[PDB]
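Visitor: Please find one structure pasted underneath; my questions will follow.
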Amino acid sequence: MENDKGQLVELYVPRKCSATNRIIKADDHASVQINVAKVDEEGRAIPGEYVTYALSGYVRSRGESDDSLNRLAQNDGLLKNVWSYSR
Amino acid sequence: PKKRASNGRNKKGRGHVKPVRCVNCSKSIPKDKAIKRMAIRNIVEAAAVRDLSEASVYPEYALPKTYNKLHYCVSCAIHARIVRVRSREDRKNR
Amino acid sequence: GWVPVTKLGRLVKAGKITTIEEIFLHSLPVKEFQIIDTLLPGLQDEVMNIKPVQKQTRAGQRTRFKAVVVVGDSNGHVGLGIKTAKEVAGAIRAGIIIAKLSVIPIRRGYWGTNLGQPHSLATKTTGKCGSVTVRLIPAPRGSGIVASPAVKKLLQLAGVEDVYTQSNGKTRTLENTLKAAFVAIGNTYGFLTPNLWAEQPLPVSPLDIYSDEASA
Amino acid sequence: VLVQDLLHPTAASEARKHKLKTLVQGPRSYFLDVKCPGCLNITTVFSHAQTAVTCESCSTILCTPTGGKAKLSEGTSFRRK
Amino acid sequence: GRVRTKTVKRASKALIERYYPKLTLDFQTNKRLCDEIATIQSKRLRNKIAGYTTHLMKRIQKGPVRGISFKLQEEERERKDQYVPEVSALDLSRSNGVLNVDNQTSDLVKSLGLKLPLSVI
Amino acid sequence: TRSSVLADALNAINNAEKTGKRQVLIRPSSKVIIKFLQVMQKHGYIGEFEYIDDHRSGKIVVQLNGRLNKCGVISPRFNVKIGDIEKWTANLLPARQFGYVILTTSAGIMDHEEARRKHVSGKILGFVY
Amino acid sequence: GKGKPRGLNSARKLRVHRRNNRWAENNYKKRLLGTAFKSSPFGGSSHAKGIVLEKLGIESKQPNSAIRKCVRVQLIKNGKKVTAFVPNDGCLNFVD
Amino acid sequence: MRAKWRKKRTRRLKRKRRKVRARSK
Amino acid sequence: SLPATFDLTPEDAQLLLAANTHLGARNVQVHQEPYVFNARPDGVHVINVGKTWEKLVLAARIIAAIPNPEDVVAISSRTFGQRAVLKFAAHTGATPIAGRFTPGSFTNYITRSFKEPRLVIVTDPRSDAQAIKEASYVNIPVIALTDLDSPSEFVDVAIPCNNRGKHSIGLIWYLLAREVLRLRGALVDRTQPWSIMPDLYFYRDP
RNA sequence: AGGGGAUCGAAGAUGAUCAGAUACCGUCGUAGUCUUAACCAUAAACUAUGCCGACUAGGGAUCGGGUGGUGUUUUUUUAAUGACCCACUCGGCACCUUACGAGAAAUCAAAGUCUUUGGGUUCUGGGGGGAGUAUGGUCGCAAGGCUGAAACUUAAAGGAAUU
């Protein structure tokens, strides 16, 4: 939130899930942050560079966390043919 | 409070059945509600077949078994120790 | 001495994490009441009441005291904790620790002029604990916290300057209505107000970047 | 699945659903051409005829009524139209 | 009853934990050795501690039991951790150089990796 | 039987959002539903809806982004005046900053803020936020 | 539908159902039936004078032990026999 | 009392009241 | 993407189909598992071994993303993967919970088995429900060797494979160790096969 | 009001047990239990959950119909048909596991989509007794059914669970 002069009021602008856009609550102790290492040419991971994926607690509880992760992985190019939009 | 999903016993979609009679105290109970135990016991008691075999005409081979179905009321089944109470978790067990 | 056990305790003691916001942002679990007081040194305590609870035994009762303690500074943080103990003072001491461990932040807002500082709540938020429901409707400036004295004190330690309140059910149960009110100020960030719609990069967890100062 | 294409279903999914539950409502029946032995006299016969069709030239049963698909006579040949 | 108390039970297991060979397979020889090892203020208590220890000394001879952890348990299983079958490690063996598969499994092979030995059943 | 078409469509949309689904099959079909979807698209609460056309009522498939919270209908369609708009927005919206009461009026289907500027009022359809 | 009519032209049904349902209220029945003007000894009045017929003494109900030192007074307007209560200590001596 | 026995008692009492009623009316 | 050298080689494909890893379960199959590929006449549902490889290498990248190689935790309650976890916990770092997993290693902060992991790799999620349940409370991603019928609750990364067999469980652990070791930078070239036998991770009957 | 009337059996007659037992137990036994024609309009008549419509977590079994698979078995080995196996579909009686969600809880695929309160519609309840009583109507041969109070009295009853 902002006031009239433009400085940013309200603290800790919260994160959102990468599958279904929803604010991750502070006490929502069911949401994990998936980190994927980046390979480059030689086939070795480069420490420090990660592909950050966030999944909310509700998606994990449903059991669609695996389905969502492959969709994001395939969309960003991590995986190739593990997902099918026209199921 | 409610105890079982099947309130009396095994009746969902009928509404009414022909009742049966208990074999012990002659109590009238619904056929579904009654607890039935089948008796497959032999016509002779435990052991004693060898005594029968020696005094048996023909090469034995008879060994008849009596078959009977017994219907017990809730009061008689518990009293006769045929049906015993269980815990709430064990109640759901079939 | 503290000798923290958790990774978060080691990080805050070493001085790596200097704000409670990072833990709130990353939803890092914490069970160490040193962590909360170190990052929030202006942290106060206010006990509503002590209600004994009795369990019947073979010979006499086993009277124990139940105390409700609120922990929270008046600028955006609040926490609640309930614990039973044989001694009333021990229950209060344990209640402070639990309420410290259950410190939650607040999303303040305005009834609206986009002019000053966040006084009321951003949206309407309610929480239910048993049968009691507590509605927190935003209120104009100068209205104040119109509610029961217990929840008014809890909201005054949460940083809210003005709000509207509605309650339904057996509100006389103080513990239930406190927790129900606590959930109400806990779901404020849950609401997705259209201002928080722009996409942002996901921050890397502090533990991942500070794994060197972890364990051993 | 939270992300699936309800707008372009696969062939297998559409062939499995009921005719009233597809993306667009369409029949599952078909029309067949049956010829009596010897004479051609082609005629069109529904899959579920609900009656006993006879070519007007020859008084011969070409199909028998059935609750589901009509059962054609043994001495007949069928072809999709 | 002769049910041993946990005090003599836990101490006896701790004695064998670090002292495999010291406690001999006989009661009298190691009964005084237990006194020399642990600070026991009762002659009766050390008598029962050695009795359970000697009995545990006999049982381990028959075979391993629960809660042994005697600094030598790993010695066999660190030696018995390299079975590594010499040739037939369930690969390129157990058949006539061809893998027995089915029709549907073959369609999986023709997906991307059709260059393999197949034996459709 | 089926009384209102927009009520079923909005209920299905709300259920899909609660189930974390980005799509929902709207199948009572209508023109009010289409217009109700257009005004939602104007404020970005939904994605893209494309209407499947059979020779019957029809079906609508709308892609949902994780920005909608609750969309409902106000049945019966009350005859809300121009001075009662503020009262309705004070009982159906969380805050005055956001939230749009979608009402049907003699100038078409639109939200409460546009009604104030055009100085017209009609029947109340529902609310979106 | 929450068990209630919800049409834009259905107002008589709600109005009628409200009329019968409000009769279950004790205050609604007490006011409209006007039992205070028929059966109430005071007849819808805050005070009522009378004549002290006799001095009375009643015992307390359970968990208690006292004599309340009441009085039986006949109201003037109604002419009904009504028991009263002299509140303060040592106040029966004043009355007669 | 049981509901059946209370209802039977008040029904018999109603019968007695109606029998007394028939004598005057 | 990837340098395209991580595709399923015929050597790895031959190994995977030799242990009957593609052989799934019967009609029991959750709707959350679309990896099934046709169905055998007997009733066994065939799992596409190709989708397993991309999911296997995805897990390897996730494991390699962990900076310190002790937050990785491999848990197994079934006796068919006890040796695989122990060897995986000795070749690629990580701490083993092979055998009994006490209820509270992740939540109770004063216990002698208290650890704070960043990634949990269970063998049978149905048989390791307690480990998954506690991992949910403390915000830790879960990687499971799941089958078509196995539940997917609180499981973020799935590894389609056969869990009703010592051969398949050991092979997946062996392949996961191979991929993660290459990504770390200790197994030199990615083309040369590993110098240890895949049967090392296997569990003997005695 | 007739027919029928074998077992069981409101009443009743006896045998006991018991301080008392016209109750439980035993032996008889009328009305009744069956049916014809005409009445009675009640029940824990309960799934204590009104009817219609839409959406929402999975899994298996089963009933009825339909579809497909050189599927199996069957008569004349092999056509049909029928009976089974597998897959799918529609309507059902239902069931197993979870709890997004609801509830005071017991529990619920609704008892969910209700303080983020609105799909359509009907009926009922406003503390416990008095009381479903009194009276007035109405139906019935009667027994009884429908509608249905007041005076007066009380600070408690009542529901789910914990020790």
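Here, A, B, ... name the chains of the structure tokens in the order displayed, residue numbers run from 1 inside each chain, and ligands are numbered from 1 in the same displayed order.
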Specify as a list in words all residues of chain F found within 12 Å of chain C, counting only C-alpha atoms.

Guide: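 Close to chain C, chain F has residues 43, 44, 45, 65, 66, 67, 68, 69, 70, 90, 91, 92, 93, 94, 95, 96, 97, 98, 99, 100 and 129 of chain F.
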
Visitor: Would you please extract all helix (DSSP H, G or I) residues from chain G, as assigned by DSSP on the backbone, and give them as a PyMOL selection string?

Guide: chain G and resi 12-24+26-32+35-37

Visitor: Fewer than 5 positions away in the same chain doesn't count, so skip those; otherwise give me all residues within 9 Å of range 103-113 of chain E, counting only C-alpha atoms (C1' of nucleotides), as a PyMOL selection string.

Guide: (chain E and resi 118-121) or (chain I and resi 8-10+13+17+22-23+37-40+46-50)

Visitor: Grab the residues selected above and save them as a PDB file, in the first residue's frame with N, CA and C atoms.

Guide:
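File produced: out-v8.pdb:
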```
ATOM      1  N   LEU E 118      14.610 -57.098 -27.532  1.00  0.00           N
ATOM      2  CA  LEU E 118      13.242 -57.342 -27.098  1.00  0.00           C
ATOM      3  C   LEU E 118      12.861 -58.794 -27.344  1.00  0.00           C
ATOM      4  N   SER E 119      12.013 -59.322 -26.460  1.00  0.00           N
ATOM      5  CA  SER E 119      11.441 -60.665 -26.588  1.00  0.00           C
ATOM      6  C   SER E 119       9.970 -60.566 -26.194  1.00  0.00           C
ATOM      7  N   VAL E 120       9.106 -60.326 -27.180  1.00  0.00           N
ATOM      8  CA  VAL E 120       7.685 -60.151 -26.909  1.00  0.00           C
ATOM      9  C   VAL E 120       7.066 -61.496 -26.553  1.00  0.00           C
ATOM     10  N   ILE E 121       6.310 -61.524 -25.460  1.00  0.00           N
ATOM     11  CA  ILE E 121       5.665 -62.747 -25.004  1.00  0.00           C
ATOM     12  C   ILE E 121       4.317 -62.923 -25.693  1.00  0.00           C
TER      13      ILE E 121
ATOM     14  N   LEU I   8      17.340 -40.464 -21.987  1.00  0.00           N
ATOM     15  CA  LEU I   8      17.377 -41.863 -21.575  1.00  0.00           C
ATOM     16  C   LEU I   8      18.191 -42.674 -22.577  1.00  0.00           C
ATOM     17  N   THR I   9      19.411 -43.034 -22.195  1.00  0.00           N
ATOM     18  CA  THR I   9      20.260 -43.864 -23.030  1.00  0.00           C
ATOM     19  C   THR I   9      19.753 -45.303 -23.038  1.00  0.00           C
ATOM     20  N   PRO I  10      20.023 -46.050 -24.114  1.00  0.00           N
ATOM     21  CA  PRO I  10      19.598 -47.459 -24.144  1.00  0.00           C
ATOM     22  C   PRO I  10      20.187 -48.300 -23.022  1.00  0.00           C
ATOM     23  N   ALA I  13      17.946 -47.436 -20.203  1.00  0.00           N
ATOM     24  CA  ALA I  13      16.631 -47.992 -20.506  1.00  0.00           C
ATOM     25  C   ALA I  13      16.617 -49.505 -20.321  1.00  0.00           C
ATOM     26  N   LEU I  17      14.151 -51.382 -17.458  1.00  0.00           N
ATOM     27  CA  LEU I  17      13.181 -52.409 -17.816  1.00  0.00           C
ATOM     28  C   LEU I  17      13.609 -53.807 -17.393  1.00  0.00           C
ATOM     29  N   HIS I  22       9.063 -50.479 -14.857  1.00  0.00           N
ATOM     30  CA  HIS I  22       7.918 -49.991 -15.616  1.00  0.00           C
ATOM     31  C   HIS I  22       6.631 -50.702 -15.216  1.00  0.00           C
ATOM     32  N   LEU I  23       6.734 -51.932 -14.719  1.00  0.00           N
ATOM     33  CA  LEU I  23       5.562 -52.706 -14.324  1.00  0.00           C
ATOM     34  C   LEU I  23       4.914 -52.061 -13.105  1.00  0.00           C
ATOM     35  N   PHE I  37       0.743 -45.683 -19.133  1.00  0.00           N
ATOM     36  CA  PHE I  37       0.825 -45.804 -20.585  1.00  0.00           C
ATOM     37  C   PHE I  37       0.200 -47.147 -20.948  1.00  0.00           C
ATOM     38  N   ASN I  38      -1.001 -47.101 -21.532  1.00  0.00           N
ATOM     39  CA  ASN I  38      -1.770 -48.290 -21.893  1.00  0.00           C
ATOM     40  C   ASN I  38      -1.951 -49.225 -20.697  1.00  0.00           C
ATOM     41  N   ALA I  39      -2.375 -50.457 -20.970  1.00  0.00           N
ATOM     42  CA  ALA I  39      -2.636 -51.423 -19.913  1.00  0.00           C
ATOM     43  C   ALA I  39      -2.502 -52.830 -20.476  1.00  0.00           C
ATOM     44  N   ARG I  40      -1.778 -53.683 -19.757  1.00  0.00           N
ATOM     45  CA  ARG I  40      -1.599 -55.062 -20.177  1.00  0.00           C
ATOM     46  C   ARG I  40      -2.897 -55.848 -19.994  1.00  0.00           C
ATOM     47  N   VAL I  46       1.047 -50.149 -17.206  1.00  0.00           N
ATOM     48  CA  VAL I  46       2.431 -49.886 -17.581  1.00  0.00           C
ATOM     49  C   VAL I  46       2.756 -48.416 -17.351  1.00  0.00           C
ATOM     50  N   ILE I  47       3.882 -48.163 -16.687  1.00  0.00           N
ATOM     51  CA  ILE I  47       4.359 -46.812 -16.414  1.00  0.00           C
ATOM     52  C   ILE I  47       5.388 -46.438 -17.472  1.00  0.00           C
ATOM     53  N   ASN I  48       5.218 -45.263 -18.074  1.00  0.00           N
ATOM     54  CA  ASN I  48       6.156 -44.767 -19.076  1.00  0.00           C
ATOM     55  C   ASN I  48       7.503 -44.503 -18.414  1.00  0.00           C
ATOM     56  N   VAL I  49       8.505 -45.322 -18.746  1.00  0.00           N
ATOM     57  CA  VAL I  49       9.814 -45.178 -18.117  1.00  0.00           C
ATOM     58  C   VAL I  49      10.477 -43.871 -18.536  1.00  0.00           C
ATOM     59  N   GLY I  50      10.060 -43.298 -19.668  1.00  0.00           N
ATOM     60  CA  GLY I  50      10.606 -42.015 -20.078  1.00  0.00           C
ATOM     61  C   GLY I  50      10.277 -40.900 -19.106  1.00  0.00           C
TER      62      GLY I  50
END
```

Visitor: Select from chain A everything DSSP, run on the backbone, classes as strand (DSSP E), then give the selection as number ranges by chain.

Guide: A: 32-39, 45-55

Visitor: Take the residues that were just selected and, keeping N, CA and C atoms, output them as a tab-separated table (two decimals), in the first residue's frame.

Guide:
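See part_24.tsv below for the written result:
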```tsv
chain	number	residue	atom	x	y	z
A	32	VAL	N	6.18	-24.90	1.02
A	32	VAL	CA	7.62	-25.04	0.84
A	32	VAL	C	8.06	-24.24	-0.38
A	33	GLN	N	9.36	-23.98	-0.46
A	33	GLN	CA	9.95	-23.23	-1.57
A	33	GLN	C	10.90	-24.16	-2.31
A	34	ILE	N	10.51	-24.55	-3.53
A	34	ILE	CA	11.30	-25.49	-4.32
A	34	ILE	C	12.41	-24.74	-5.03
A	35	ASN	N	13.64	-25.23	-4.89
A	35	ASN	CA	14.81	-24.68	-5.55
A	35	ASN	C	15.37	-25.71	-6.51
A	36	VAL	N	15.62	-25.30	-7.75
A	36	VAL	CA	16.12	-26.18	-8.80
A	36	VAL	C	17.47	-25.66	-9.27
A	37	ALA	N	18.49	-26.52	-9.23
A	37	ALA	CA	19.82	-26.14	-9.68
A	37	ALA	C	19.84	-25.97	-11.19
A	38	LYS	N	20.73	-25.10	-11.67
A	38	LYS	CA	20.85	-24.80	-13.09
A	38	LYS	C	22.11	-25.46	-13.64
A	39	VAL	N	21.95	-26.25	-14.70
A	39	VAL	CA	23.07	-26.87	-15.38
A	39	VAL	C	23.50	-25.99	-16.54
A	45	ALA	N	25.86	-28.63	-12.09
A	45	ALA	CA	25.09	-27.54	-11.51
A	45	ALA	C	25.99	-26.38	-11.14
A	46	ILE	N	25.45	-25.17	-11.27
A	46	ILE	CA	26.16	-23.94	-10.94
A	46	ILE	C	25.64	-23.44	-9.59
A	47	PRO	N	26.41	-23.55	-8.52
A	47	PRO	CA	25.93	-23.07	-7.21
A	47	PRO	C	25.68	-21.57	-7.23
A	48	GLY	N	24.57	-21.17	-6.61
A	48	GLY	CA	24.17	-19.78	-6.50
A	48	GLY	C	23.00	-19.40	-7.39
A	49	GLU	N	22.84	-20.08	-8.52
A	49	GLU	CA	21.73	-19.83	-9.43
A	49	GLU	C	20.68	-20.92	-9.24
A	50	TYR	N	19.45	-20.50	-8.93
A	50	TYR	CA	18.35	-21.42	-8.69
A	50	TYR	C	17.11	-20.95	-9.45
A	51	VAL	N	16.21	-21.89	-9.70
A	51	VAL	CA	14.92	-21.61	-10.31
A	51	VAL	C	13.88	-21.76	-9.21
A	52	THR	N	13.43	-20.63	-8.66
A	52	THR	CA	12.65	-20.63	-7.43
A	52	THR	C	11.18	-20.91	-7.72
A	53	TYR	N	10.65	-21.98	-7.14
A	53	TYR	CA	9.24	-22.34	-7.23
A	53	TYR	C	8.63	-22.34	-5.84
A	54	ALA	N	7.45	-21.74	-5.72
A	54	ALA	CA	6.73	-21.66	-4.45
A	54	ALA	C	5.36	-22.31	-4.61
A	55	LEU	N	5.01	-23.18	-3.67
A	55	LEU	CA	3.73	-23.88	-3.68
A	55	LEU	C	3.02	-23.63	-2.36
```

Visitor: Neighbouring residues of residue 198 in chain I were defined as those with any atom within 8 Å, considering only C-alpha atoms (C1' of nucleotides); residues of the same chain fewer than 6 positions away were excluded. Please report them as a list in words.

Guide: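 Answer for this query is residues 89 of chain E; 170, 171 and 174 of chain I.
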
Visitor: Suppose we keep N, CA, C and O atoms; can you now write the selection as a PDB file, in the first residue's frame?

Guide:
```pdb
ATOM      1  N   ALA E  89      24.448 -59.775 -11.792  1.00  0.00           N
ATOM      2  CA  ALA E  89      23.782 -58.785 -10.945  1.00  0.00           C
ATOM      3  C   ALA E  89      22.458 -58.335 -11.556  1.00  0.00           C
ATOM      4  O   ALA E  89      22.167 -57.143 -11.653  1.00  0.00           O
TER       5      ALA E  89
ATOM      6  N   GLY I 170      15.825 -50.395  -5.403  1.00  0.00           N
ATOM      7  CA  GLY I 170      17.270 -50.234  -5.391  1.00  0.00           C
ATOM      8  C   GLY I 170      17.794 -49.534  -6.629  1.00  0.00           C
ATOM      9  O   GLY I 170      18.716 -48.719  -6.551  1.00  0.00           O
ATOM     10  N   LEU I 171      17.217 -49.846  -7.793  1.00  0.00           N
ATOM     11  CA  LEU I 171      17.668 -49.227  -9.035  1.00  0.00           C
ATOM     12  C   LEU I 171      17.399 -47.727  -9.044  1.00  0.00           C
ATOM     13  O   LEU I 171      18.255 -46.942  -9.468  1.00  0.00           O
ATOM     14  N   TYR I 174      19.838 -46.130  -6.878  1.00  0.00           N
ATOM     15  CA  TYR I 174      21.131 -46.150  -7.556  1.00  0.00           C
ATOM     16  C   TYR I 174      21.200 -45.093  -8.651  1.00  0.00           C
ATOM     17  O   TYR I 174      22.212 -44.397  -8.790  1.00  0.00           O
TER      18      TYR I 174
END
```

Visitor: For chain I, list the residues within 9 Å of chain C, counting only C-alpha atoms, and write the list as a PyMOL selection string.

Guide: chain I and resi 66-68+109-110+115-116+137-139

Visitor: Residues at most 12 Å from residue 5 in chain G, counting only C-alpha atoms (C1' of nucleotides), excluding those fewer than 2 positions away in the same chain, as a ChimeraX atom specification?

Guide: /F:75-76 /G:1-3,7-17 /J:118-122

Visitor: For chain J versus chain H, which residues have an atom no more than 12 Å away, and what is each residue's nearest atom pair and distance in Å rounded to one decimal, using only C-alpha atoms (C1' of nucleotides), chain-then-number order, as JSON lines?

Guide:
```
{"residue": "J:43", "atom": "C1'", "partner": "H:4", "partner_atom": "CA", "distance": 11.9}
{"residue": "J:131", "atom": "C1'", "partner": "H:10", "partner_atom": "CA", "distance": 11.2}
{"residue": "J:132", "atom": "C1'", "partner": "H:7", "partner_atom": "CA", "distance": 10.2}
{"residue": "J:133", "atom": "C1'", "partner": "H:10", "partner_atom": "CA", "distance": 8.7}
{"residue": "J:134", "atom": "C1'", "partner": "H:14", "partner_atom": "CA", "distance": 10.6}
{"residue": "J:143", "atom": "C1'", "partner": "H:15", "partner_atom": "CA", "distance": 10.1}
{"residue": "J:144", "atom": "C1'", "partner": "H:11", "partner_atom": "CA", "distance": 9.8}
```

Visitor: Set out as a tab-separated table a contact list for chain D and chain J with a cut-off of 9 Å, giving each residue of chain D that qualifies its closest atom pair and distance in Å to one decimal, counting only C-alpha atoms (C1' of nucleotides), ordered by chain and rising residue number.

Guide:
```
residue	atom	partner	partner_atom	distance
D:15	CA	J:88	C1'	9.0
D:16	CA	J:88	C1'	5.8
D:17	CA	J:89	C1'	6.6
D:18	CA	J:89	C1'	5.7
D:67	CA	J:66	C1'	8.0
D:68	CA	J:66	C1'	6.0
D:69	CA	J:66	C1'	8.8
D:74	CA	J:80	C1'	8.7
```

Visitor: Would you save the residues of that selection, restricted to N, CA and C atoms, as a PDB file, in the first residue's frame?

Guide:
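Full text of result_16.pdb as output:
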```pdb
ATOM      1  N   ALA D  15     -14.786 -40.010 -26.763  1.00  0.00           N
ATOM      2  CA  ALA D  15     -15.374 -41.297 -27.114  1.00  0.00           C
ATOM      3  C   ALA D  15     -15.862 -42.066 -25.894  1.00  0.00           C
ATOM      4  N   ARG D  16     -15.389 -41.717 -24.699  1.00  0.00           N
ATOM      5  CA  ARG D  16     -15.792 -42.414 -23.485  1.00  0.00           C
ATOM      6  C   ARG D  16     -17.010 -41.789 -22.818  1.00  0.00           C
ATOM      7  N   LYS D  17     -17.160 -40.471 -22.902  1.00  0.00           N
ATOM      8  CA  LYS D  17     -18.259 -39.793 -22.233  1.00  0.00           C
ATOM      9  C   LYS D  17     -19.588 -40.099 -22.918  1.00  0.00           C
ATOM     10  N   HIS D  18     -20.670 -39.881 -22.174  1.00  0.00           N
ATOM     11  CA  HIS D  18     -22.008 -40.040 -22.720  1.00  0.00           C
ATOM     12  C   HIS D  18     -22.275 -38.975 -23.779  1.00  0.00           C
ATOM     13  N   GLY D  67     -33.680 -53.584 -27.720  1.00  0.00           N
ATOM     14  CA  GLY D  67     -33.577 -52.437 -26.833  1.00  0.00           C
ATOM     15  C   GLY D  67     -32.387 -51.551 -27.155  1.00  0.00           C
ATOM     16  N   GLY D  68     -31.258 -52.160 -27.504  1.00  0.00           N
ATOM     17  CA  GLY D  68     -30.098 -51.406 -27.935  1.00  0.00           C
ATOM     18  C   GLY D  68     -30.005 -51.316 -29.445  1.00  0.00           C
ATOM     19  N   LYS D  69     -28.871 -51.729 -30.003  1.00  0.00           N
ATOM     20  CA  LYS D  69     -28.715 -51.742 -31.449  1.00  0.00           C
ATOM     21  C   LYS D  69     -29.552 -52.855 -32.068  1.00  0.00           C
ATOM     22  N   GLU D  74     -29.085 -62.571 -40.654  1.00  0.00           N
ATOM     23  CA  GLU D  74     -27.835 -63.235 -41.007  1.00  0.00           C
ATOM     24  C   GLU D  74     -27.532 -63.099 -42.495  1.00  0.00           C
TER      25      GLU D  74
END
```

Visitor: So which residues touch residue 39 in chain C within 9 Å, counting only C-alpha atoms (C1' of nucleotides), skipping near sequence neighbours fewer than 6 positions away, as a ChimeraX atom specification?

Guide: /C:12,17-20

Visitor: Would you kindly return, as a list in words, each protein, DNA or RNA residue with an atom no farther than 9 Å from any atom of range 68-74 of chain A, considering only C-alpha atoms (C1' of nucleotides) and excluding same-chain residues fewer than 5 positions away?

Guide: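 Within the cut-off, the hits are residues 18, 19, 20, 34, 53, 55, 59, 79, 80, 81, 82, 83, 84 and 85 of chain A; 1, 2 and 3 of chain D; 55, 58, 156 and 157 of chain I.
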
Visitor: Could you save those same residues with N, CA, C and O atoms as a short mmCIF file (atom, residue, chain, number, x, y, z; two decimals), in the first residue's frame?

Guide:
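And here's again.cif as it stands now:
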```
data_model
loop_
_atom_site.label_atom_id
_atom_site.label_comp_id
_atom_site.auth_asym_id
_atom_site.auth_seq_id
_atom_site.Cartn_x
_atom_site.Cartn_y
_atom_site.Cartn_z
N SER A 18 3.12 -20.18 -6.95
CA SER A 18 3.47 -20.20 -8.37
C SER A 18 2.51 -21.03 -9.21
O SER A 18 2.66 -21.06 -10.44
N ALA A 19 1.52 -21.68 -8.60
CA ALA A 19 0.54 -22.47 -9.33
C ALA A 19 -0.83 -21.81 -9.33
O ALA A 19 -1.40 -21.55 -10.40
N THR A 20 -1.38 -21.54 -8.15
CA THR A 20 -2.61 -20.76 -8.01
C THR A 20 -2.27 -19.52 -7.21
O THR A 20 -1.81 -19.62 -6.06
N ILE A 34 10.51 -24.55 -3.53
CA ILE A 34 11.30 -25.49 -4.32
C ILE A 34 12.41 -24.74 -5.03
O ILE A 34 12.17 -23.73 -5.70
N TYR A 53 10.65 -21.98 -7.14
CA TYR A 53 9.24 -22.34 -7.23
C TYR A 53 8.63 -22.34 -5.84
O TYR A 53 9.21 -22.89 -4.89
N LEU A 55 5.01 -23.18 -3.67
CA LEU A 55 3.73 -23.88 -3.68
C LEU A 55 3.02 -23.63 -2.36
O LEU A 55 3.62 -23.81 -1.29
N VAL A 59 -2.40 -26.43 -2.09
CA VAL A 59 -2.07 -27.26 -3.25
C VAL A 59 -1.34 -28.53 -2.80
O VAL A 59 -1.58 -29.62 -3.32
N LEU A 79 11.54 -29.43 -17.77
CA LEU A 79 11.14 -30.74 -18.26
C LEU A 79 10.54 -30.60 -19.65
O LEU A 79 10.16 -29.51 -20.08
N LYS A 80 10.44 -31.73 -20.36
CA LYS A 80 10.14 -31.70 -21.79
C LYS A 80 8.76 -32.24 -22.13
O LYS A 80 7.96 -31.52 -22.73
N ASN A 81 8.44 -33.49 -21.76
CA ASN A 81 7.17 -34.10 -22.15
C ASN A 81 6.51 -34.83 -21.00
O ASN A 81 5.88 -35.88 -21.20
N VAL A 82 6.64 -34.31 -19.77
CA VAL A 82 5.99 -34.95 -18.63
C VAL A 82 4.60 -34.41 -18.35
O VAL A 82 3.89 -34.96 -17.50
N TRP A 83 4.19 -33.34 -19.03
CA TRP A 83 2.88 -32.74 -18.84
C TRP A 83 2.16 -32.62 -20.18
O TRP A 83 2.79 -32.48 -21.23
N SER A 84 0.83 -32.68 -20.13
CA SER A 84 -0.01 -32.55 -21.31
C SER A 84 -1.17 -31.63 -20.96
O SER A 84 -2.00 -31.98 -20.11
N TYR A 85 -1.23 -30.47 -21.61
CA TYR A 85 -2.32 -29.53 -21.35
C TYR A 85 -3.65 -30.13 -21.77
O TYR A 85 -4.63 -30.10 -21.02
N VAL D 1 -6.83 -32.54 -11.97
CA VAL D 1 -5.84 -31.62 -12.53
C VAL D 1 -6.40 -30.20 -12.60
O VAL D 1 -7.49 -29.97 -13.12
N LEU D 2 -5.64 -29.25 -12.04
CA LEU D 2 -6.09 -27.87 -12.00
C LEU D 2 -5.96 -27.17 -13.35
O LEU D 2 -6.71 -26.23 -13.62
N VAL D 3 -5.03 -27.60 -14.19
CA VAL D 3 -4.77 -26.97 -15.49
C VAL D 3 -4.98 -28.04 -16.55
O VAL D 3 -4.06 -28.80 -16.87
N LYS I 55 11.64 -36.97 -14.43
CA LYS I 55 11.35 -36.73 -13.02
C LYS I 55 12.53 -37.10 -12.14
O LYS I 55 12.75 -36.47 -11.10
N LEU I 58 15.04 -34.29 -12.55
CA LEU I 58 14.50 -33.11 -11.87
C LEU I 58 14.74 -33.20 -10.36
O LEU I 58 15.08 -32.20 -9.72
N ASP I 156 5.55 -33.25 -3.16
CA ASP I 156 5.81 -32.24 -4.17
C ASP I 156 6.50 -32.80 -5.41
O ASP I 156 6.18 -32.40 -6.53
N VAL I 157 7.45 -33.71 -5.22
CA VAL I 157 8.17 -34.34 -6.33
C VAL I 157 7.90 -35.84 -6.27
O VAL I 157 8.13 -36.48 -5.24
#
```
